[PDB]
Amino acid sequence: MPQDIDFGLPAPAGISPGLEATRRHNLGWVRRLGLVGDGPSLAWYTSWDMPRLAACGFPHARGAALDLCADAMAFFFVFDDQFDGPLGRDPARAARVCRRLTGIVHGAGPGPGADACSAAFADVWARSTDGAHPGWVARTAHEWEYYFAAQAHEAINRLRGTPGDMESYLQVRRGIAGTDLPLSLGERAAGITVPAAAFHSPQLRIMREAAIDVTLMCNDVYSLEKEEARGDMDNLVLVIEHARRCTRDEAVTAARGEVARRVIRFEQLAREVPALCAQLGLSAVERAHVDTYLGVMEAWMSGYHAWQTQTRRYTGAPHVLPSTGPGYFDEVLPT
């Protein structure tokens, strides 16, 4: 059981003080945008506790920056679940819907009266880029493109009905998990700009990749029950079981080891970051932003796991949205 699985990550070093204020803003935001309705959808959304995910996952965010984190997560989760139904078995249709969203990334604003997912994403994206450094905008725009474009490949895999090999699983799963977007968001919400010289060091590139893998793999373990019965194939536990011809328990144990090896690698490289900044001759302010970036990555890993142990999303989904029907109460994404 997930209640008996722990990945060795520390508890969150801090929780953003803006949790309760953001809870109020974000509840109004999802309702105003039409992303979440009234009744079952609202009770189901509330049970996820998106504000606590934002406050635990992004403890550096304050005020309106935490609101952006919660709203961004709300979009990610509501959009994700729209594919838990016929859309997720229709790759060509999924690719067309995701092309609509990708157009918003690259300038084509949806216009008045767009669907709730398009309108919500356009609002998150506009708030994200306002005052952001152009290097951040360019990188994050390509991250969003990968996220949207990957969804149809998860649908292809569902039709195939076998997990991919490890390399192909990582290519699809890193995309559908939102790639580096949670870290780009945390950087933006902390108000920092990572100097490119540090950002592209081998240490920080490996650490960034490791942190994103850690959260999606921790999710794969905790979300397997609601995913397996829907025919989902891009889950690390299923990938290992398929590749190794092992038992479920052996696959879960191996999945935990894949998380642990990445945590160990992250922390080994983190010890080199002060010296790296000195070799590059970064200014004191630049080193401060790098130090915050390190904490943003550490907090995303520990904060995501802290959230997923207390949310009702993973324990609740199989009972309120059984696999015999769609994984949502309301369609909000026109296809």
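Residue numbers run from 1 along the displayed sequence.
task: Give the stretch, out of 250 to 258 and 153 to 161, with the larger mean C-alpha temperature factor in the deposited entry.
output: Stretch with the greater average CA B-factor: 250 to 258.
query: Which wins on mean Cα temperature factor, 11 to 19 or 310 to 318?
result: If you average the C-alpha B-factors of 11 to 19 and of 310 to 318, the larger mean comes out for 11 to 19.
query: If you compare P182, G107, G175, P91, which has the highest Cα B-factor in the entry?
result: Spelled out: the listed residue with the top C-alpha B-factor is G107.
Residue with highest C-alpha B-factor in the PDB entry, from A299, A70, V30, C277: The listed residue with the largest C-alpha B-factor is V30.
Ranked against its chain, the third holding the CA B-factor of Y45: For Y45, whose C-alpha B-factor we compare with every modelled residue in the chain, the answer is the highest third.
- request: Grab the CA temperature factor for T193 from the record and place it in the lowest, middle or highest third of its chain.
  value: Highest third, going by the recorded CA B-factors of the chain.
message: Looking at the temperature factor on the CA atom of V137, which third of the chain's modelled residues does it land in?
response: It falls in the bottom third of the chain.
- prompt: According to the PDB entry, is the CA B factor of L87 in the bottom, middle or top third of its chain, that is, lowest, middle or highest?
  reply: Middle third - that is where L87 ends up once the chain's C-alpha B-factors are sorted.
- prompt: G111's Cα B-factor: lowest, middle or highest third of the chain?
  reply: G111: CA B-factor falls in the highest third of its chain.
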